[PDB]
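We've got the same protein chain twice here, in two forms, each standing alone as structure tokens: structure 1 and structure 2.
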Structure 1
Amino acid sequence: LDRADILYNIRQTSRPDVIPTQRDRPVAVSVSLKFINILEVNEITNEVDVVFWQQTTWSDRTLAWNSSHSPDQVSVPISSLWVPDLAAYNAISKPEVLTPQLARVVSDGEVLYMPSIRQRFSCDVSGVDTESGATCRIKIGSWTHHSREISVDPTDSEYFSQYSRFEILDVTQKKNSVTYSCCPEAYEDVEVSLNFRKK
């Protein structure tokens, strides 16, 4: 098998509309935000503009191939793959995807999709100009798949811009499972707490 064949097979059979559950277990999705920049804070309106890499991994066995005498990985357009329907609950703009929309697929079916995203959020900006800083919580999970279909789990300034007006003090993560009035089932989310301040 060469790359051409692998990409051909994936395109012909991938089923981007079909969540790749195994034996009625949820697809285990990992999410991890790598913050790159904080662009436009407003303590009055409690809105912040953030740029981050949304590192997202999950498994889709339907993509697997025998890697004997074959490449172990290919880059694939996400339009050819099932992708988790993650959304940020407290986003107040749609995600602006800054990078090429390609996912990396390993021969065993492991997928990594890691767009760089710019997005605005409604969160607690109070304290941003103090030494303790602000703590902005960003909430992410599947919009339409409950906990039996998708589980969501977590996996600081490492890639944060030195030229930002802000600095990151700490980043913490917490997993939740919430029942909403609209629906009987629970929906998982990750809450990423970004503790930052003006320099």
Structure 2
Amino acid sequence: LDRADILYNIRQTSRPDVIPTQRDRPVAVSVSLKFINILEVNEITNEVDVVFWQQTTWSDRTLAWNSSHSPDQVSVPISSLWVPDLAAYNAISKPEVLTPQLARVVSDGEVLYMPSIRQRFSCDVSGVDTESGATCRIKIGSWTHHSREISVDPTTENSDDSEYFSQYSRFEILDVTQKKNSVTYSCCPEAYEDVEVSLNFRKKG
């Protein structure tokens, strides 16, 4: 199999509109926001404008192929793939995707998509000009799927983000935490999952 064959096979099997659950197990989606920049901050309106890489991975076993004597990965446009319907519940702008909309698909059926996204959030911005800094909280989850269809699994739960964040921003990152939260309501048997991202940052001295 060459790359053309693999891509042909993926186009034949992949259903962009069909969540790839296997036997009613949830699709485990791993998600980690890597902050690149904080562009604009307003302490009066409590709004922040940020750029981050949204590292997202999951598995679609139907995409798998035998990779002895074949490439073990290819780049595939996301319009040919199912992607999780993730959204930030406190976003006040559409996510602007800055980058080419290509995922990486591994021969075992793993999908890796890491778009660079610019987006505005309504956030606690107080203390941004102090030493402790501001702590801006972003809640991310599936817009339509509960925990028996999609699980959201934060990776890199604690980091200073030093490897990603622009040295040229007027802000510096003190700490980023990404934590899983699941609620069960008395009305309804299933659980609801999200990642709470806490971005603790301040204006540079």
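Counting starts at 1 and follows the sequence of structure 1. The term rigid core refers to the most C-alpha atoms you can superpose between the two forms while keeping them within 1.5 Å. Shifts are known only where both forms have a C-alpha.
Annotation: Cα of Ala186 displaced by at least 2 Å between the two structures, core superposition.
Relative to the superposed rigid core, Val48 shifts its CA by 0.1 Å between the two structures.
Note on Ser68: its Cα is shifted 1.3 Å between the two structures, core used for superposition. Mapped along the sequence, displacements between the two structures of 2 angstroms or more at every C-alpha, sustained over at least 3 residues after core alignment, occur solely at 178-187.
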